[PDB]
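S.K.: Take these chains first, placed just as they are in the complex:
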Amino acid sequence: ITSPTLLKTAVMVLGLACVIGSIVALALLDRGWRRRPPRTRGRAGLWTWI
């Protein structure tokens, strides 16, 4: 029947924000080596809606 203290909550929030920050930094790093696609094939068809 435990309950988190204030230090545990602060650490749990500030160490979860760092994960998102690092992933956003990785996303910004991926702007160099990204292999751009020809951007075609953008439809579905008929027998897929059925």
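M.R.: Received it, and whenever you're ready, just let me know what you need. Numbering: from 1, shown residues only, chains lettered A, B, ... in the order given.
S.K.: In three-state terms, label the residue nearest the centre of chain A for me.
M.R.: The residue lying closest to the centre of chain A (C-alpha atoms, centre = their mean) is residue A:23, at 6.7 Å. Following DSSP: H, G, I helix; E, B strand; the rest coil, we place residue A:23 in the helix state.
S.K.: dump the residue contacts of it.
M.R.: Going by C-beta atoms under 8 Å, 6 or more residues apart in numbering, residue A:23 touches no other residue. (Each C-beta comes from the backbone N, C-alpha and C, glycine too.)
S.K.: Look up how far residue A:35 lies from it.
M.R.: 20 Å (C-beta to C-beta, to the nearest Å).
S.K.: same question, residue A:50
M.R.: Distance from residue A:50 to residue A:35, by C-beta to C-beta: 34 Å.
S.K.: go on, residue A:3?
M.R.: Relative to residue A:35, and taking C-beta to C-beta, residue A:3 is found at 49 Å.
S.K.: ok, now residue A:7?
M.R.: Residue A:7 is 45 Å from residue A:35, by C-beta to C-beta.
S.K.: Chain B goes on too:
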Amino acid sequence: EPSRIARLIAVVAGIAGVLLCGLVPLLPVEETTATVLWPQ
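M.R.: That brings us to chain B, laid onto the chains above:
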């Protein structure tokens, strides 16, 4: 360029996002206590 900055952010927030999560099971909590007495 926003490259030399992100290159170090992705490290100082990628290592401090592991060291700050590895000590979550060890931080203190507050536990409730219960005690039954007699006679009452």
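S.K.: Taking chain B, what residue is nearest to chain A?
M.R.: Chain B approaches chain A most closely through residue B:20 (3.0 Å), counting by C-beta to the nearest C-beta.
S.K.: wouldn't that residue be in contact with residue A:17 here?
M.R.: No - here residue B:20 lies out of contact with residue A:17, judged by C-beta atoms under 8 Å, at a distance of 9.4 Å.
S.K.: quick one, which of these two is more surrounded?
M.R.: residue B:20 (19 against 12; other C-beta atoms under 10 Å in any protein chain shown).
S.K.: For the nearest residue to the more buried one once chain neighbours are set aside, the count of nearby residues, please.
M.R.: Of all residues not flanking residue B:20 in the chain, residue A:15 sits nearest, at 3.0 Å (C-beta to C-beta, 6 or more residues apart in numbering or on different chains). Per other C-beta under 10 Å, the neighbour tally for residue A:15 reads 19.
S.K.: Centre of the chain to the helix or strand that residue A:15 is a member of, how far?
M.R.: Taking DSSP states H and E as the definition, residue A:15 sits inside helix A:6-29. From the chain centre to the centre of helix A:6-29 is a distance of 12 Å (C-alpha atoms, centre = their mean, to the nearest Å).
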